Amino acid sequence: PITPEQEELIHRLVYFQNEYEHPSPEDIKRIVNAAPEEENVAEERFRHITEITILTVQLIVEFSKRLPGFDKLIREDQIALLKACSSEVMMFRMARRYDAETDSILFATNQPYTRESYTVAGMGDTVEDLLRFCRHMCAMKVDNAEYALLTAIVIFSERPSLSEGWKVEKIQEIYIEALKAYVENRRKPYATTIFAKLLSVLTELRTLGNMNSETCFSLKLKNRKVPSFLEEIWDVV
């Protein structure tokens, strides 16, 4: 057992996680003071969902760059990793704003969103899957360190087409190893079972991220405005 200088690594991620968690109140301002002439009432729900999400992906990119090893990669690969992890990492962010009691997700505009909120904006389909994830995560009692380390393991997931996959692979091993160190040294029973359960969450992300892409296709069919930034990053056209 025993955590080494992963301890420093963990403080850093737990710090930056905290730091890049909420969008600047000025940006959240811009969003509210944007309501059109008598907003569709179900639009001041949908616009919030898609506008604020631009902020979310940005914050994700913000955090991804302060991660040790990200600079050791070529721009080509940096950009690939970023796009690939965005929708998956997004789910960890949402999960952390989940209110077990009110079964909602407290947006950065202090507005609690529920199955209704999303259904009203026209996202009733996926809403349940999202809520379920939030619930399953809350049930695991995933803490900050685990959350951060986990999101970092996702960001460094060697996908095909990356130019130097072997390098992203090696960098990720460091966070994987620090998560093991951390989980084991909480010298709690079940350690291996907890570690394995944490990692599995990553498989769940592949379906959630797929779902997100699926949701984009549909908004594109129903012809509803998907912020260009999001189309550009998730390759939604």
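Residue numbers here begin at 1 and follow the sequence given.
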Which of the two stretches, 114 to 122 or 145 to 153, shows the higher mean Cα temperature factor in the record? 114 to 122
With B-factors read from the PDB entry, the higher C-alpha mean of 20 to 28 and 209 to 217 is in 20 to 28
Which of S200, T53, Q172, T193 ranks first by CA B-factor in the deposited coordinates: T193
Please say which third, lowest, middle or highest, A181 falls into when its CA temperature factor is compared across its chain. middle
With respect to C-alpha B-factor, does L131 fall in the lowest, middle or highest third of the chain as deposited? middle
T102's Cα B-factor: lowest, middle or highest third of the chain? highest
How does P68 rank on Cα B-factor within its chain, lowest, middle or highest third? lowest
Chain-relative CA temperature factor third for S86: lowest
